[PDB]
Ligand SMILES: *B(O)c1ccc(/C=C/c2ccc(B(O)O)cc2Cl)c(Cl)c1
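Residue numbers (the authors' numbering), protein chains in the order written: chain A, 10 to 125; chain B, 10 to 124; chain B', 10 to 124; chain A', 10 to 125. A prime marks a further copy of an entry chain.
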């Protein structure tokens with residue numbers, strides 16, 4: 010698990026459950042290629058997106074589908090999604106946790122990057 | 010003046026209006042002495058709290074009554090209030106903006122310190 | 010105008026000055042079309058991006074070049090940029106402020122939407 | 010473990026390690042009584058502050074000593090500490106995670122409240 014996503018809900022004070030997440034990797038032609046996807050569990054965590062072998066050096070985009078989340082709760086939010094774009098593994102393999110804290114008109118994201 | 014407070018609402022995407030704010034200065038006996046207070050404006054801002062002459066170096070606490078704000082909107086909040094505790098330092102820039110972004114179970118705060 | 014962008018630096022406690030900002034509008038073929046751009050001022054603000062007439066309902070992306078900002082300060086950042094993607098809606102209030110608070114490995118963004 | 014504190018560093022993209030945390034509870038005379046303290050581990054987490062029996066209804070203040078943290082890293086921060094004040098267990102026993110994300114001139118905090 011070199012890539013994990015965690016999502017929290019700042020309105021309910023809870024994990025954000027059943028949040029869809031799509032990961033893209035920039036290809037040689039500079040387009041965004043689909044790389045992995047999944048949804049957060051009851052704990053707000055999404056594990057198993059990729060493997061150490063598959064998660065090579067590259068520019069990755071983690072799209073967290075916040076609008077679908079809020080609308081599934083009957084709330085009309087501001088943003089379409091939260092996007093997190095970063096270069097990964099440029100100094101060799103690392104483990105990445107992308108965390109996001111959601112409100113209807115605001116979000117924050119941080120990364121925790123560790124060396125295994 | 011040298012101290013402004015700005016409060017935003019992350020749920021509604023708006024200034025947080027009519028929020029009570031209290032500023033305290035730390036006394037020699039380590040207690041918190043009332044210093045200044047007011048309510049945020051329609052723009053979520055509270056100006057005119059103090060003056061350059063009165064705002065000396067020291068430790069200050071800005072207490073924002075977030076609980077009343079959320080209850081007035083019919084929303085159940087986690088915190089009793091938000092508190093921002095910091096040292097005023099003459100070495101650094103002269104004007105302090107303390108900004109707070111409010112959610113029912115979360116808040117963020119930053120300082121914008123300029124000349 | 011109807012759209013302002015404000016960028017703050019959480020490390021130095023200051024406006025984020027001379028940060029490049031690009032605004033895109035989503036086209037019918039789902040691609041991102043350049044719409045407006047500029048660099049933040051000494052106050053961390055970028056005004057005059059668009060007008061009421063040009064800023065129609067639709068999906069917009071605000072891309073903030075955070076990587077260059079941090080590198081110019083000699084600090085190693087995590088993100089390639091910060092992106093804020095949202096729908097402009099005529100039903101809601103008329104003026105949009107997109108604010109971003111920057112750290113090397115984190116950012117926060119909020120929308121202040123007023124009449 | 011009805012009360013856990015987690016602290017992250019937004020400058021380094023890491024857990025905030027060795028952060029001192031002091032918890033107070035408001036007493037009948039309206040003063041802040043020392044309740045528990047500890048420091049964050051290598052994972053940025055502080056476990057074992059209290060027990061279900063001891064963690065009764067009350068108003069609690071969690072003081073995270075952010076200034077000592079930044080200064081131990083040779084950085085002069087703005088805030089003295091981050092304070093989190095909340096009523097706990099007013100609708101019966103809950104589990105609380107208090108999370109904080111730190112920068113030198115800014116911090117954010119959120120709560121995750123679960124029912125065991
Ligand atoms: B925490 O993640 C966080 C706190 C505050 C703010 C925003 C501050 C701000 C927004 C807008 C204006 B304005 O319209 O002139 C001024 C300020 Cl100081 C954010 Cl984004 C995040």
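Just so you know, even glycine gets a beta-carbon here, dropped at the ideal spot from N, CA and C.
Considering only heavy atoms of ligand 1, does any lie closer than 8 Å to the CB of residue i?
i	result
residue 121/B'	yes
residue 75/A	no
residue 115/A'	yes
residue 54/B'	yes
residue 108/B	yes
residue 13/A	no
residue 17/B	yes
residue 96/B'	no
residue 40/B	no
residue 59/A	no
residue 118/B	yes
Taking a contact to mean a Cβ-Cβ separation below 9 Å, would you say residue i touches residue j in this structure?
i	j	result
residue 73/B	residue 90/B	yes
residue 122/B'	residue 87/A	yes
residue 70/B	residue 49/B	no
residue 66/A'	residue 38/A'	no
residue 108/A'	residue 64/A'	no
residue 104/B'	residue 12/B'	yes
residue 23/B'	residue 117/A'	no
residue 28/B'	residue 58/B'	no
residue 119/B	residue 110/B'	yes
residue 125/A'	residue 21/B'	no
residue 25/A	residue 115/A	no
For the alpha helix (DSSP H) holding residue i, just list the boundary residues, first then last.
i	result
residue 77/B'	75–81
Starting from residue i, follow the beta strand (DSSP E) in both directions and report where the run begins and ends.
i	result
residue 47/B'	41–48
residue 29/A'	29–35
residue 26/A'	It is not in any beta strand (DSSP E) - residue 26/A' carries neither H nor E in the DSSP assignment.
residue 18/A	12–18
residue 116/B	115–123
residue 96/A	88–97
residue 110/B	104–112
Does chain B' have any CB closer than 9 Å to the CB of residue i?
i	result
residue 77/B	no
residue 22/B	yes
residue 45/A'	no
residue 93/A	yes
I want to see whether chain B comes within less than 9 Å of residue i, judged by CB atoms only; does it?
i	result
residue 108/B'	yes
residue 123/A'	no
residue 69/A	no
residue 126/A	Nothing about residue 126/A can be reported from this structure: the residues present for chain A run from 10 to 125 only.
residue 119/B'	yes
Comparing the C-beta of residue i with each C-beta of chain A, is any distance below 9 Å?
i	result
residue 11/A'	no
residue 49/A'	no
residue 29/B	no
residue 40/A'	no
residue 113/B	yes
residue 87/B	yes
residue 99/B	no
Compare the C-beta of residue i with all C-beta atoms of chain A' and state if any pair is closer than 9 Å.
i	result
residue 58/A	no
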